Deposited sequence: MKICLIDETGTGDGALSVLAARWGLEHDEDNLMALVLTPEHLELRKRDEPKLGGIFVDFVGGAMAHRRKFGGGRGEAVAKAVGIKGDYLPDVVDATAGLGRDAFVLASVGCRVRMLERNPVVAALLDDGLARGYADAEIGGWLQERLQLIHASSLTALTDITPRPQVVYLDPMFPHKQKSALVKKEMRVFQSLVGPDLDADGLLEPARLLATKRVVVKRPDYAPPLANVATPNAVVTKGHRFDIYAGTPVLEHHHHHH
């Protein structure tokens, strides 16, 4: 995958070169987007719009820490969709991690989560945030065990995953046009619709032993057109619930 790789560390240790090779990233000097390695973290920027700033994955502060403390935890719409209740904290596989926002909530509530991200540039951002998150004196401990990243095809590896997770969560990039903030304008400018999203449902329902949860924006059709009477509705979107495959 092509993108403008920029080093703002000054160390000269070759860290960016290693990270690029690890995720199969190719430097593209005149690419519209740029992946920058700062002393603080790895961020994505929209070169033609400096005023927008850069976006990065941070489990320690910012929006993720705010949502952790104020979002409600087990009371979140996504927490209820996966079936979280009482002492029930299922193992989850998030086949469309993206920025890891939902995945972080689930891990924060007490779920053992395994994230998968096929997009190399997004995966690079997650890995960097995971590195920083693991190094946190407060959450670094449980984070390292409840939130881990895996690089593989969510269509082929979604079957070889072991041990089988009780729940599989899906939230593929839906073909949108409707963002309002910078954290999305920059990102959306990079990541486009997941053309094979519909193909995720089947392998997901096979992997999960209890439930498959699909986040869907309002009015969006169910994934793969497979209807379901079970769903948790929220503001601006819903979570379609499907039965998994008992062991």
Per the record, deposited positions without any C-alpha are 179-181, 251-258
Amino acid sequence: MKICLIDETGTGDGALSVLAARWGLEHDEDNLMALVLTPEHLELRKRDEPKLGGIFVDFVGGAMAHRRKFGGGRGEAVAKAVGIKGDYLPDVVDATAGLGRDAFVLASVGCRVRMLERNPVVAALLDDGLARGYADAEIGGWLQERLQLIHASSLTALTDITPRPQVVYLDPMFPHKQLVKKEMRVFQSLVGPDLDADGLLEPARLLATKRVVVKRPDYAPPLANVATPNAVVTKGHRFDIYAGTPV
From here on, numbers count along this sequence of modelled residues.
Of 163-171 vs 148-156, the stretch with the larger average CA B-factor in the entry is 148-156
Mean B factor on CA atoms, stretches 96-104 and 116-124, record says higher is 116-124
Entry record, C-alpha B-factors for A220, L201, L195, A208; the maximum is at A208
Of the residues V186, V214, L35, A65, the one whose Cα carries the largest B-factor in the deposited record is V186
So, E76's CA B-factor, relative to its chain, sits in which third? The lowest
Quick tally, chain-level thirds of C-alpha B-factors: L16 sits in the lowest
The third of the chain into which the C-alpha temperature factor of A243 falls is the middle
Here the Cα B-factor of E49, set against its chain, lands in the third termed highest
Chain thirds by Cα B factor, record data; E26 belongs to the lowest
